[PDB]
Amino acid sequence: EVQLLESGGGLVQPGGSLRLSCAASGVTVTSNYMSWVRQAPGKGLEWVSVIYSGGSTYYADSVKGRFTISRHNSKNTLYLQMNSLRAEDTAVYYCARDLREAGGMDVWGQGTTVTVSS
Amino acid sequence: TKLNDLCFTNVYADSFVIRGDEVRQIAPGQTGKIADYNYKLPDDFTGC
Amino acid sequence: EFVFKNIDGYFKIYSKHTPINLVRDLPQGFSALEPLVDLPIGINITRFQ
Amino acid sequence: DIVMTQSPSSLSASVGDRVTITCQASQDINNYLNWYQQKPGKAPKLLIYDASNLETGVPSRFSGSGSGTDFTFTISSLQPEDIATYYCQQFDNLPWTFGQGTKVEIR
């Protein structure tokens, strides 16, 4: 049945690489649009990056090279690696799927808090 | 400049109507909301 | 009289429609076949009928 | 390129008071406008789509109007469940610049 969970993060030292995992079931990762969004504790939304269908990755200018993206079709999951995470990137992360022009992004995932404080 | 006098066996002329800003997004290799469900140009699109 | 030809993967037709006189199942003389149209299909076809 | 900023930035009212929100863009947007409810702490939830049709759960007191650049949103009776921040943005032309946001808190 449809379910979206996330894994990854903790209190690793600054300059320590990490890997977020977004496990989605009930949808097709290959032929759907998806985005990653980080949110500060007690603040508003803040978009990060977009992945399209067919292997097309894009970000904002500040996060131009942030992500290394891969997928596994054994369980239809996403793995997404950051080398040497940044200090102020301490935030709650969400992987999201938007239906765009037929009702946009009604329900959100779980979101996991990552702290890269020194 | 040379498109006036270059020989091509066929020209695929695809006619339709869309929103104004999305035209520049129709580029060879460019990806987006239309490049996955409605009309995607080939990675070797030589045309206009 | 038609010639349906595949020029380098493109479906061309050479054609003519002329008045004749059936006399001995084989007229003598000569003629030519000017093209009608090229349809760029580029798909292999196994049979026609 | 296109920056989309909310006409209202900080509106404060009490329970049951009208709330009027203007959602303007740099130039005309169409069918790319949604009315959300993020709320403090809990996951964001979209409530109103296309500004004309009411979704299952949204009270009938909420209304939306407009056809073009400016879309207006009206709350006839503010309720404690509406303590939230409305965000309407342009998810068409990357990068997605952020808006002002209409933070509605009850008194």
# chains A, B, ... in the order shown; residues from 1 in each chain; ligands from 1

call {"tool": "interface_residues", "arguments": {"of": "chain A", "to": "chain B", "cutoff": "8 Å", "atoms": "only C-alpha atoms", "output": "PyMOL selection string"}}
result
chain A and resi 52-54+56

call {"tool": "select_by_dssp", "arguments": {"residues": "chain C", "states": "strand (DSSP E or B)", "output": "PyMOL selection string"}}
result
chain C and resi 2-7+10-15+34-39

call {"tool": "interface_residues", "arguments": {"of": "chain B", "to": "chain D", "cutoff": "12 Å", "atoms": "only C-alpha atoms", "output": "list in words"}}
result
residues 19, 20, 21, 22, 24, 25, 32, 33 and 34 of chain B

call {"tool": "interface_residues", "arguments": {"of": "chain C", "to": "chain B", "cutoff": "12 Å", "atoms": "only C-alpha atoms", "output": "list in words"}}
result
residues 7, 8, 9, 10, 11, 12, 38, 39, 40, 41 and 42 of chain C

call {"tool": "residues_around", "arguments": {"residues": "residue 14 (chain D)", "least_positions_apart": "5", "cutoff": "8 Å", "atoms": "only C-alpha atoms", "output": "PyMOL selection string"}}
result
chain D and resi 78+105-107

call {"tool": "atom_distance", "arguments": {"atom1": "CA of residue 39 (chain B)", "atom2": "CA of residue 55 (chain A)"}}
result
16.6 Å

call {"tool": "residues_around", "arguments": {"residues": "residue 25 (chain D)", "least_positions_apart": "2", "cutoff": "7 Å", "atoms": "only C-alpha atoms", "output": "PyMOL selection string"}}
result
chain D and resi 4-5+23+27-29+69

call {"tool": "atom_distance", "arguments": {"atom1": "CA of residue 37 (chain D)", "atom2": "CA of residue 22 (chain D)"}}
result
15.8 Å

call {"tool": "closest_residue", "arguments": {"among": "A:80, A:50, A:60, A:87", "to": "chain D", "atoms": "only C-alpha atoms"}}
result
A:60

call {"tool": "interface_residues", "arguments": {"of": "chain A", "to": "chain D", "cutoff": "9 Å", "atoms": "only C-alpha atoms", "output": "list in words"}}
result
residues 41, 42, 43, 44, 45, 46, 47, 59, 60, 61, 100, 101, 102, 103, 104, 105, 106, 107, 108, 109, 110 and 111 of chain A

call {"tool": "write_last_selection", "arguments": {"atoms": "N, CA, C and O atoms", "output": "short mmCIF file (atom, residue, chain, number, x, y, z; two decimals), in the first residue's frame"}}
result
data_model
loop_
_atom_site.label_atom_id
_atom_site.label_comp_id
_atom_site.auth_asym_id
_atom_site.auth_seq_id
_atom_site.Cartn_x
_atom_site.Cartn_y
_atom_site.Cartn_z
N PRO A 41 13.73 24.61 11.60
CA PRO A 41 12.83 24.41 12.75
C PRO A 41 12.11 25.70 13.12
O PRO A 41 12.74 26.70 13.47
N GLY A 42 10.78 25.66 13.04
CA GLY A 42 9.99 26.83 13.37
C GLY A 42 9.99 27.92 12.33
O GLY A 42 9.90 29.10 12.68
N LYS A 43 10.09 27.56 11.05
CA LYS A 43 10.08 28.54 9.97
C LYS A 43 9.19 28.00 8.85
O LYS A 43 8.56 26.94 8.98
N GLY A 44 9.13 28.73 7.74
CA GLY A 44 8.30 28.37 6.61
C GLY A 44 8.98 27.41 5.66
O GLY A 44 10.06 26.88 5.91
N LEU A 45 8.32 27.19 4.52
CA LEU A 45 8.82 26.26 3.52
C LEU A 45 10.08 26.81 2.85
O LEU A 45 10.30 28.02 2.79
N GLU A 46 10.90 25.90 2.33
CA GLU A 46 12.12 26.28 1.63
C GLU A 46 12.47 25.17 0.65
O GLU A 46 12.94 24.10 1.05
N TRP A 47 12.22 25.42 -0.64
CA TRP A 47 12.48 24.43 -1.68
C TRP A 47 13.98 24.27 -1.92
O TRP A 47 14.76 25.22 -1.80
N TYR A 59 18.82 21.93 -9.51
CA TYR A 59 18.77 22.53 -8.19
C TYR A 59 18.63 24.04 -8.29
O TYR A 59 18.39 24.57 -9.38
N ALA A 60 18.77 24.73 -7.17
CA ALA A 60 19.01 26.16 -7.19
C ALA A 60 20.49 26.43 -7.44
O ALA A 60 21.32 25.53 -7.44
N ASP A 61 20.81 27.71 -7.66
CA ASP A 61 22.20 28.07 -7.94
C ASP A 61 23.10 27.83 -6.73
O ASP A 61 24.25 27.42 -6.89
N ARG A 100 1.19 18.64 -9.84
CA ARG A 100 1.24 19.82 -10.70
C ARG A 100 -0.14 20.40 -10.99
O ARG A 100 -0.80 20.91 -10.08
N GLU A 101 -0.57 20.34 -12.25
CA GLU A 101 -1.75 21.07 -12.70
C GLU A 101 -3.04 20.26 -12.59
O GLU A 101 -3.98 20.50 -13.35
N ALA A 102 -3.11 19.32 -11.65
CA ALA A 102 -4.34 18.62 -11.33
C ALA A 102 -4.48 18.50 -9.82
O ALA A 102 -4.82 17.43 -9.29
N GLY A 103 -4.21 19.59 -9.11
CA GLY A 103 -4.11 19.55 -7.66
C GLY A 103 -2.66 19.35 -7.26
O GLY A 103 -2.07 18.32 -7.57
N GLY A 104 -2.09 20.33 -6.57
CA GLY A 104 -0.66 20.31 -6.35
C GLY A 104 -0.21 20.01 -4.93
O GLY A 104 -0.37 20.83 -4.03
N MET A 105 0.37 18.82 -4.74
CA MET A 105 1.11 18.46 -3.53
C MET A 105 0.24 18.62 -2.28
O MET A 105 0.45 19.50 -1.44
N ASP A 106 -0.78 17.76 -2.21
CA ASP A 106 -1.73 17.83 -1.10
C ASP A 106 -1.12 17.33 0.20
O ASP A 106 -1.04 18.06 1.19
N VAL A 107 -0.67 16.07 0.22
CA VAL A 107 -0.15 15.44 1.42
C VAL A 107 1.37 15.37 1.34
O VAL A 107 1.94 15.15 0.27
N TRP A 108 2.03 15.57 2.48
CA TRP A 108 3.48 15.54 2.58
C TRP A 108 3.95 14.22 3.16
O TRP A 108 3.18 13.43 3.70
N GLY A 109 5.26 13.98 3.04
CA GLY A 109 5.86 12.78 3.58
C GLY A 109 6.09 12.86 5.07
O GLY A 109 5.26 13.42 5.80
N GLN A 110 7.20 12.30 5.55
CA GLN A 110 7.53 12.33 6.97
C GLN A 110 8.50 13.46 7.31
O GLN A 110 8.19 14.33 8.13
N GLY A 111 9.68 13.45 6.69
CA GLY A 111 10.66 14.48 6.96
C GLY A 111 11.55 14.13 8.13
O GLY A 111 11.05 13.89 9.24
#

call {"tool": "residues_around", "arguments": {"residues": "residue 73 (chain D)", "least_positions_apart": "6", "cutoff": "6 Å", "atoms": "only C-alpha atoms", "output": "PDB file with N, CA, C and O atoms, in the first residue's frame"}}
result
ATOM      1  N   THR D  20      -8.810  38.875   4.122  1.00  0.00           N
ATOM      2  CA  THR D  20      -8.713  39.105   2.686  1.00  0.00           C
ATOM      3  C   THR D  20      -7.252  38.995   2.275  1.00  0.00           C
ATOM      4  O   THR D  20      -6.399  39.712   2.807  1.00  0.00           O
ATOM      5  N   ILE D  21      -6.969  38.097   1.334  1.00  0.00           N
ATOM      6  CA  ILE D  21      -5.610  37.821   0.884  1.00  0.00           C
ATOM      7  C   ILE D  21      -5.536  38.045  -0.620  1.00  0.00           C
ATOM      8  O   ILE D  21      -6.356  37.508  -1.373  1.00  0.00           O
ATOM      9  N   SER D  63     -13.711  31.297   0.578  1.00  0.00           N
ATOM     10  CA  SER D  63     -14.052  31.551  -0.813  1.00  0.00           C
ATOM     11  C   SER D  63     -12.833  32.078  -1.555  1.00  0.00           C
ATOM     12  O   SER D  63     -11.940  32.691  -0.965  1.00  0.00           O
ATOM     13  N   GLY D  64     -12.811  31.829  -2.857  1.00  0.00           N
ATOM     14  CA  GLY D  64     -11.758  32.343  -3.711  1.00  0.00           C
ATOM     15  C   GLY D  64     -12.349  32.878  -4.998  1.00  0.00           C
ATOM     16  O   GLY D  64     -13.380  32.404  -5.476  1.00  0.00           O
TER      17      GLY D  64
END

call {"tool": "atom_distance", "arguments": {"atom1": "CA of residue 9 (chain D)", "atom2": "CA of residue 84 (chain D)"}}
result
13.1 Å

call {"tool": "closest_residue", "arguments": {"among": "D:104, D:7, D:88, D:66", "to": "residue 51 (chain D)", "atoms": "only C-alpha atoms"}}
result
D:66
